[PDB]
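See structure below.
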Amino acid sequence: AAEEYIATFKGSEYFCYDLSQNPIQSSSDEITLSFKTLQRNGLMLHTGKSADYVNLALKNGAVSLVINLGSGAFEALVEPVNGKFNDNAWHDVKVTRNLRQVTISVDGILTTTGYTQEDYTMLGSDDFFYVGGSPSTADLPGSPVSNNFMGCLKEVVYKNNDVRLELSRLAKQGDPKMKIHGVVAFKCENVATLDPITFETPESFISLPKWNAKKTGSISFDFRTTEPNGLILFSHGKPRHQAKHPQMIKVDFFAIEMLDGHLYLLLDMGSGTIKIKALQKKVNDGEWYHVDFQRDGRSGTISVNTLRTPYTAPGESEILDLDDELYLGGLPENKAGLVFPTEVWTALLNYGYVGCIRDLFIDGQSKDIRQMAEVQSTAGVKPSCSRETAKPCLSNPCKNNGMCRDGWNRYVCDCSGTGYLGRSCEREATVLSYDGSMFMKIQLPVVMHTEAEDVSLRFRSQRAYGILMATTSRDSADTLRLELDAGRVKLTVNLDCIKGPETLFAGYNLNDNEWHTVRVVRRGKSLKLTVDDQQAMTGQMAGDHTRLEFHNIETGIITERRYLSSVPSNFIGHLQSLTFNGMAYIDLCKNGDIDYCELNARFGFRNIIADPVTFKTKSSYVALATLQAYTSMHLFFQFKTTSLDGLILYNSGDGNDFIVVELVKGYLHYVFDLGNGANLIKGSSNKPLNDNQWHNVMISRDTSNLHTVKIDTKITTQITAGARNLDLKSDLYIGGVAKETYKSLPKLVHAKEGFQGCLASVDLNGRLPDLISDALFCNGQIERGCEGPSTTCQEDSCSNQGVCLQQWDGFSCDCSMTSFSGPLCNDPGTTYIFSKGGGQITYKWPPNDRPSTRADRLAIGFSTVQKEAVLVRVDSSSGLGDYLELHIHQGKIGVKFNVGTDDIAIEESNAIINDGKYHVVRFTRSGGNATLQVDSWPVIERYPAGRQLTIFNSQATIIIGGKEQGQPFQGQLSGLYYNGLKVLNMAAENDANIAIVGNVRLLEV
Ligand SMILES: *[C@@H]1O[C@H](CO)[C@@H](O[C@@H]2O[C@H](CO)[C@@H](O[C@@H]3O[C@H](CO)[C@@H](O)[C@H](O)[C@@H]3O)[C@H](O)[C@H]2NC(C)=O)[C@H](O)[C@H]1NC(C)=O
Ligand SMILES: *[C@@H]1O[C@H](CO)[C@@H](O)[C@H](O)[C@H]1O
């Protein structure tokens, strides 16, 4: 009721006066108020729908006036001249309008004047008068800010010649026409400033509370960074099924990210996405930028520093139905139920934001974001903004040549191309060996789909061909491959149809067996490829589709290739620091940080020798299919030999065309004619090479006709005449040729006898031939490996009556029935000591795994002084009766069993075994029949007469020790085998289904 009429606004409160009874009708009016505030942005007052309205606000520290009397708006802007309006002092505004002529005045001095357009002269408002705030702004015309006020307002008046509306007073005192949303004190209270926060690490985020606006709403905030990439705000909907070419999880979402400098609003309301670049200029200069995003249904505006951009979502979709958390500064990892959509490139590239943020408003209301950061207890956030003293890279904090780069308050290091990893490149990175028959496949947990990727890795090979990395999909031909092709690195992106694959090449002579570093960056249609620190190669894919489906990431071999009928060759070499969208897969695999890893490659560097093969005679050779000619040639192989003369390779063509590799007086000769005549390049070594060590040999002829012979570490290069390289004709001979052929080989070839020794790692212009299997013909004997012939079975190969079996790589010993473990059944096998008092081990088959067999077999080792004891006992289920039992009775071993007819017993009467020394017993059953053997006595075998049941139904438990049967065993037992189960071992490995009970201890040796 009192002298002067003041009110305090805090961003959630506003007045709202109903003009509908008494419309404003003004051909001349006057507006007056004093404000007090610290905020760059806030709505003081507004009135009007339609094209008739007055809107007065503080907009980036200045006073912003828009009037429109119906035929065009007037727009004024008063700036402070020596100070700031948001200095938390009072400031007087006065608007005076006389027909079309507007005049505004801050503090009596600061003033401008102007006119509204065409010839309309009256303001007409039958709706609401809003003071201090609004329900929103995207529905309130000519409104530059969306933010509610945060300060004090007094003596707010609107008058004209007729009515006088003292809106400030009416508020305090109350009026049927007046309404106040929220709780407001009617003096001037101080409005707390909203402290800024910094996002120090990418991964630091915050959960903001749910954005409620379905149709219409806003967000405003300020940011500051030199970081070119970072996801700022993101929220999404709830899975609505069916992207009708790949089968993804579709969802409603919106996002604000930074990519490569520029800032983007993304939005998708049901009918597809729209990516809108929110300002043409890069905005990572480290200056505070204000963003105001408001929307009214399917359209809306985004603004950066008073510069607006209209946007429309495609479709007929008016509602953006967000549901759960609203994210700020980055996203949470391994959070169940979160979908990273493909269009938000940052999300899936793991580019969290780093940099300052402040003054967050949602739907007009201000939000204390420092406050949330203390309640959530979020790591990686600090409560300030400090554009720091000195770039951090000065300290040179990045070890082993890692490229430093200055970010917002942190050094950032790129340690690809250094063999290390980790923030500052201190953790040395795992290496992987492949011998052409090895792979390493990362089957991801869930089907990815990406529009952008970073993919980097290091390689090293003597081969000029082979797959480095490739993404594969169980459902299509889609891939992103790097491979070596003719000494070059070849990126290939291919996306299934429904005009073909897009390729990009980089670098040369890279099969030098020094490391190289490949770097791929894709961003939709844009491809970019850099080898080592050469010049980046770019390419722009044609074709409108850009989305890549992939279930797994492969190296070494491309295993997943249903739809391809042909594939790059397997890899021979070493990889390091494979990194895919932030993920260091090799390193994560070795350390066991991920389940979904599958490989038969090996960790750590090793001089590779790929599929060695022995040519036992000189006259031993094999014929392969013709060398594929044609443009350029890259031959590689290695060899071991005691002999100083022999022909290793031969293939001829039309006329005098041929190519040959031979060993002559221990030195390696390359010899050929490609239409100019016969030529000879000698391989460079000092010593003869028949030194029984392994040597590397690489012959090549590029399309510039430059021939290279390498031997171990030393190149020799030479030029040759420019003759169109031509098809070869004959079979390709390796290790020799036919006997009569030596009499008429090209003069200038020396050899009169074939190669004898080993050959390994044969690469024939991209082809890794199995020399034995892929052979078209063989002569003499060619055998696998380079270690002499493999061991074969003899009488005394295995021990303790173990069965010697022949395998491809030598013999083995089946120890099952022998009681002993180890390669030769000479090692002891797992033993349990049964001590005084009695005890018992018990296996219980899970209820639905109970085996019913037709033929059984069981073997055990033991020692005891007892005359009466039960040892092993297999019982069937309750109410079934079928069983099997091994026992000592009157000092002699015995076995008793039953499958559903009468009981059946075999005994060994001869061998006394209650003698304290080690014995072994073997039993077998087929139906009624059985056999029983002890140590090396002759087998006892029984056959009961007449009809006999034959299945041992529903085996339920296995009991060792006899205790239950009231005849406990004292002594030792080892090496129990029953129907494939090495039970005592399973006991010793704490098997889930074994309960040990009583005085039984394991003997650990
Ligand atoms: C338990 O052992 C008895 C006797 O060892 C098994 O019966 C016998 O099985 C053999 C081979 O299956 C029979 O040999 C015969 O040889 C001729 C000539 O090639 C062939 O044409 C016949 O058809 C037959 O296979 C033999 O007749 C048979 N003797 C009998 C039934 O008295 C019995 O199968 C074994 N039980 C189990 C469950 O393994
Ligand atoms: C280089 O600069 C950074 C400060 O961000 C510091 O962490 C290091 O100690 C210095 O090597």
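All Cβ positions, even for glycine, are placed from backbone atoms using ideal geometry, and neighbour counts span all protein chains on display. Each value in this text was obtained by applying a stated rule to the coordinates, not by laboratory testing.
Can I get the semi-axes of region 911-992's equivalent ellipsoid? Compute them from the C-alpha gyration tensor as square roots of 5 times the eigenvalues, in angstrom, largest first.
Equivalent ellipsoid of region 911-992: 25, 20, 13 Å, largest first.
Please list, ordered by chain and number, the residues whose modelled amide H lies under 5 Å from the amide H of residue 300; skip anything fewer than 5 residues away on the same chain.
Counting only residues 5 or more places away or on other chains, the set is 311.
So which of 59/275; 215/282; 335/590; 210/238 end up more than 21 Å apart by C-alpha?
Cα-Cα > 21 Å for 59/275; 215/282; 335/590; rest within.
Kirkwood hydrodynamic radius, computed over distinct alpha-carbon pairs, for region 790-829: how many Å, to one decimal?
9.9 Å
Assign one of three labels to the chain, namely rounded, prolate or oblate, based on the Cα gyration tensor with a ≥ b ≥ c the square roots of its eigenvalues; rounded applies when a/c is under 1.5, prolate when it is not and a/b is larger than b/c, and oblate otherwise.
Cα axes put the chain in the oblate bin.
In Å and on Cα atoms, what radius of gyration and Dmax does region 627-692 show?
Looking at region 627-692, its Cα Rg and Dmax stand at 13.0, 37 Å.
Determine, for each peptide in 937-946, 62-71, 677-686, the mean count of other beta carbons within 10 angstrom over its residues, then list the peptides with the highest first.
62-71, 677-686, 937-946
Explain nothing, just compute: Karplus ³J(HN,Hα) = 6.51 cos²θ - 1.76 cosθ + 1.60, θ = phi - 60°, for every residue of region 808-824 in order, whole Hz, x for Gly and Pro.
My calculation for region 808-824 gives 4, 9, x, 7, 9, 10, 6, 9, 2, 8, 9, 6, 10, 9, x, x, 10 Hz in order.
Which whole-Hz couplings ³J(HN,Hα) result when phi for each residue of region 589-602 is put into the Karplus expression 6.51 cos²θ - 1.76 cosθ + 1.60, θ = phi - 60°, listed in order with x for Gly and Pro?
5, 3, 7, x, 6, 10, 6, 9, 10, 9, 7, 10, 8, 10
Provide the packing ranking of 816-822, 88-94, i.e. peptides ordered by the mean count of other C-beta atoms within 10 Å per residue, highest first.
816-822, 88-94
Test of the criteria: in region 317-378, which GluC sites (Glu not before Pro) are in a DSSP loop and have at most 16 other Cβ atoms within 10 angstrom of their Cβ?
Filter output for region 317-378: 318, 333.
List the residues whose amide H sits under 5 Å from the amide H of residue 691, counting only those 5 or more places along or on another chain, with H placed 1.01 Å from N in the peptide plane.
641
Say the dipole of the chain comes from +1 at the beta carbon of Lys and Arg and -1 at that of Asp and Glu; which of 272, 524, 506 then lies farthest toward its positive end?
With unit charges placed on the Cβ atoms, the residue in question is 506.
Considering only 192, 636, 121, whose Cα is most displaced toward the positive end of the charge dipole of the chain, charges sitting on Cβ of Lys, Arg (+1) and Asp, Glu (-1)?
Farthest along the dipole direction, towards plus: 636.
Which order do 345, 288 fall in if you start with the one that has the fewest other Cβ atoms within 10 Å?
Least crowded to most crowded, the residues run 288, 345.
Let me know the shape class of region 386-428, please: from the alpha-carbon gyration tensor, a ≥ b ≥ c as square roots of the eigenvalues, rounded when a/c is under 1.5, otherwise prolate if a/b is greater than b/c, or oblate.
It is prolate, given that a/c is not under 1.5 and a/b is the larger ratio.
Please give the peptides 912-924, 863-875 ranked by average Cβ packing (other Cβ atoms within 10 Å per residue), highest first, as a rough proxy for protection.
The most tightly packed comes first, giving 863-875, 912-924.
How large is the dipole of region 930-1005 about the Cα centre if only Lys and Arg carry +1 and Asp and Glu carry -1, each at its Cβ, rounded to the nearest 20 debye?
Roughly 240 debye for region 930-1005.
Given axes a ≥ b ≥ c from the Cα gyration tensor, I'd like to know whether region 830-1005 is rounded (a/c under 1.5), prolate (a/b larger than b/c) or oblate.
Oblate shape, in that a/c is at least 1.5 and b/c is the bigger or equal ratio.
Nothing charged except the Cβ atoms of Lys and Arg (+1) and of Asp and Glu (-1): what's the magnitude of the dipole of region 386-428 about its Cα centre? Round to the nearest 20 debye.
So the magnitude is around 120 debye.
So what are region 193-385's ellipsoid semi-axes, whole angstrom, largest first, if each one is the square root of 5 times an eigenvalue of the alpha-carbon gyration tensor?
25, 19, 17
I want to check the label-to-label distance for residue 122 and residue 712. Put each point 7 Å from Cα in the C-beta direction and report it in nm to one decimal.
Placing both labels 7 Å beyond Cα along the Cβ direction yields 10.6 nm.
Pop out the Kirkwood hydrodynamic radius of region 442-487 from its pairwise C-alpha distances, inverse of mean 1/r, in Å to one decimal.
Its Kirkwood hydrodynamic radius stands at 12.7 Å.
So which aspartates and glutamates pass the test for residue 982, namely a Cα distance under 12 Å, with those fewer than 8 places away in the same chain ruled out?
Within the straight-line limit of under 12 Å, residue 982 reaches these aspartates and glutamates: 991.
So which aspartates and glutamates can residue 917 reach, going by Cα to Cα under 18 Å and dropping same-chain residues fewer than 8 places off?
Within reach: 827, 868, 908, 935.
For the chain, give the magnitude of the charge dipole about the Cα centre (Cβ charges: +1 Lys/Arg, -1 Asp/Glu; no others), in debye to the nearest 20.
Once rounded to the nearest 20, the dipole reads 1200 debye.
Which order results if 498, 274 are arranged by neighbouring Cβ count within 10 Å, fewest first?
Arranged by neighbour count, lowest to highest, 498, 274 become 498, 274.
Quick one: 3J(HN,Hα) in Hz for region 857-867, Karplus 6.51/-1.76/1.60 with θ = phi - 60°, rounded, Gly and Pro as x.
Here the 3J(HN,Hα) series is 6, 8, 9, 8, x, 7, 6, 5, 10, 6, 9 Hz.
Pop the C-beta distance of residue 92 and residue 285 into the FRET formula with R0 = 41 Å and round what comes out to the nearest 0.05.
0.65
Along the charge dipole of the chain, pointing to its positive end and built from +1/-1 on Cβ of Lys, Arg, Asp and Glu, which listed residue (44, 132, 797) has its Cα farthest out?
The one lying farthest along the dipole's positive direction is 797.
Treat the count of other C-beta atoms within 10 Å as a stand-in for reagent exposure and order 885, 316 from fewest to most.
316, 885
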